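J.: Got a structure for you, questions after.
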Amino acid sequence: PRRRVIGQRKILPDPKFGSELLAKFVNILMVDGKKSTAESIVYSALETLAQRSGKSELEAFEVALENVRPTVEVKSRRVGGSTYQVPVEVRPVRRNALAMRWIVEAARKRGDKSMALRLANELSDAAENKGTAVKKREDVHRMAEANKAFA
Amino acid sequence: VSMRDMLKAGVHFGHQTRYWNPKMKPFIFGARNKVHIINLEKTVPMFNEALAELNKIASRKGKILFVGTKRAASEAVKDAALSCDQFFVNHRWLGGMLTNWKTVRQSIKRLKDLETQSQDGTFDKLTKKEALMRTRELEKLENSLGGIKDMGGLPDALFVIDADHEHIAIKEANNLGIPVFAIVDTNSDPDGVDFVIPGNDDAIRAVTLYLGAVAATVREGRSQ
Amino acid sequence: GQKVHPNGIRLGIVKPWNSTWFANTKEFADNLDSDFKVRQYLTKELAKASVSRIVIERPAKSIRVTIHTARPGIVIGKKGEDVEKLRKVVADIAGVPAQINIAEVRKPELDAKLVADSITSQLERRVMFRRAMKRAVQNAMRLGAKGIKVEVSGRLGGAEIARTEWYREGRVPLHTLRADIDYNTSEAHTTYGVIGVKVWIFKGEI
Amino acid sequence: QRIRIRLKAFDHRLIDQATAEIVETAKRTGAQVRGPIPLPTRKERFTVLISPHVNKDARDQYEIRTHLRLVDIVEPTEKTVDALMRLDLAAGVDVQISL
Amino acid sequence: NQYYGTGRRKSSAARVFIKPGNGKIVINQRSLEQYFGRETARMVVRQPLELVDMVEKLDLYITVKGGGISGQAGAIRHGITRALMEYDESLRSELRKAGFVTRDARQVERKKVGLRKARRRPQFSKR
RNA sequence: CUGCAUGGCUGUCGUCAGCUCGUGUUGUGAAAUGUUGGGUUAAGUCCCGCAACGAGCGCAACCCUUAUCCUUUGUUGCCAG
């Protein structure tokens, strides 16, 4: 990206709900190009989350994502022999991506029996803004507010 | 050409007062509207006298190099030049065309090899890049050297549109003793010019007049 | 860096194969070795016959050698004699019956192989390498080469430190697949070892 | 019955020239001919190390394409049989006949 | 007379024969459900019947070989649209905008000497 | 045995954008300019500018393959009616 700027591939929407957002999610959860088996785990987790937690499947997703979404972050930088930490205000599209990514990662780093149950309980926890993924947003802010001086 | 005949084309129009070169005091009628007005009393006899010597030169099989690289007039100089079986330079003059002719001559050989090969040698079997890449080279050489491609030697005279714009070509001529005939506008330096023709050197209507006149007298001088 | 063999890269494009017979895997190896043994035999016996190139093809149960030579009378010998004696031993080496064809090399100074051999033989005679090269170039151009270069490598003039040197007149676009580039090789076995000669000749395009 | 000729060669322009010869000859000698059909090209390949010692990543990648043609001749009219059967064909073409 | 469209993708190639009447689909003598165990892929063959409307309007009789699941479903997608355009060709502007007219040209990239795959490079040790 | 006497082959910086010549011009001269600049290109790519005008090798093109289609040919491939 020295010279060549680019657009971004605009992936197809989630097959079940027609959501580009959930397509960004299944892909992020996907491993070894196992798309078939990835969306299976995302839905069953949404189905587990939907059925027994007040429904509104897309909305349930947002309530949880709303909570792990980070408004600002820090970008490392090396000036006069010094590695300064510059807090940057982060753009909406990626805001979702980090939010989704930390939810997925916290789910695999969990004790429950399957990825679907884990994913479901991560969303639930995030929905109540608690657990690992939310905590990942908070460290980002503690780390950001600290270097507030250099913005 | 006639005083009446010239006036219509606007040969009499010159540059502003602010841009004049003082050496050209004799040939300025005066000025109006902060613009210099050239003297057509002075222009015509001097111009006719230019045509005579050109007519003489052409009648001993003399080679005439038309020079005028203004973008606006580049085409007109070509047609003017070809209409009398002579040679031209109609895009950026390469410094040393005359003084370094032996080296620039090689580029002429290159030109011919290229258009000859692309036609009689034909190729058209290429690699797909060479079609344009060789045309690229040929395209360039054509603008640069299309007009003198068959000149063979050093010209016997130069006819120049705008002495300041073409100061390089006029300077090479000077060094080689080649006589220079030039349209020399109020802002320019007439010192390099053996036969100074003072009039507008921009306006396509004015340019074509001298040039149209020049190419015509070559043919008369040729027709003998 | 390393350059691609300019004869090889152009095979199928503007350069012909020198072996052009067909054969299945069964006998492809045997045919290819038989080719080697005949080319070798002929290349020795005709060393002083300016043989620049040997084409071999194998129609049905036959083999026919074409000897491209700048000295056909030599190769042929008085009333077919030398042709004939070559035939009878090619046929031995080949196994199958054999026929020999002879193609004149009209202008050998444009033939890279005979250029390279000519310089090779000249280094063995004790000619100076700059001369031999420069005679080759000059000759090649006055006869209408679009370009030529000849390289010489290793221990020029018996120098202790081995050197590589080339001369080049005109035009030699080696990256142009279209370009008729005639390329070949020769080794000069000298009193102080081996001097390799490479030669390129550009003859126009398509 | 029918006579079918399988043609194989390493060079394409040369193979269908040999094919063309045969078909035309047949068509002129009043034989009826199915084909020529292009049967799939079997291209062997070879990858060889390019250096005399070590440098395992430095290689040449060669291939030999073997071209295939099927010439099917419906009526075996003897004039046709003699027409074909002393044709002068490119040496580097292998010709197979089925009977 | 049948209205036809060829479609292909990766190493697959699908032939697609259109005729009016119904919402019937028979790939390789088999049913749409039977042939594709994945229901998402089922949706892509249906797609060319979205912007262009079939409910019980035309029969598509199709077949395919080569490639895999999504290759065969992509290829059939492609071939239908061509058979739709065959039927009118006005329809296209819709199909263009859909992305369905295009022949997705992305083939698997060859494996290269000195590399572990088409691009994956042998791990590099500094010492 | 010597790759520190060699040929041929190969790695490598690196498919990086470089390397040069004639004539001209500048400097007593080694040399310079061209190929010092402003933009832009994958690129000494291209364009303006320019005491340089031009040209050659390398860049690109011509080559193989892949993506759409047309004509030819249907067996051992194909099966719409």
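Each chain in the structure tokens gets a letter, A, B and so on, in the order shown; residues start at 1 in every chain, and ligands are counted from 1 in the order they appear.
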With only C-alpha atoms (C1' of nucleotides) considered, list every residue of chain C at most 8 Å from chain F, as a list in words.

T.: residues 2, 13, 153, 154, 155, 160, 161, 162, 170, 171, 172, 173, 176, 177, 178, 187, 192, 193, 194, 195 and 196 of chain C

J.: Which residues come within 9 Å of residue C:23, counting only C-alpha atoms (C1' of nucleotides), excluding same-chain residues fewer than 2 positions away, as a PyMOL selection string?

T.: (chain C and resi 21+25-28+31+58) or (chain D and resi 9+92+94)

J.: Give me, as a ChimeraX atom specification, the residues of chain B touching chain F, with the criterion being at most 10 Å (counting only C-alpha atoms (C1' of nucleotides)).

T.: /B:93-110,123-134,141,144-145,168

J.: Just want the 12 Å neighbourhood of stretch 164-166 of chain C, counted on only C-alpha atoms (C1' of nucleotides), with same-chain residues fewer than 4 positions away dropped. Output as a count of residues only.

T.: 27

J.: As a PyMOL selection string, list the residues of chain B assigned to alpha helix (DSSP H) by DSSP on the backbone atoms of this structure.

T.: chain B and resi 3-9+40-59+74-82+101-119+130-145+167-176+204-223

J.: Check every residue of chain C for an atom within 12 Å of chain D, counting only C-alpha atoms, and provide those that qualify as a ChimeraX atom specification.

T.: /C:2,4-5,8-9,11-13,16-17,19-25,28,56-64
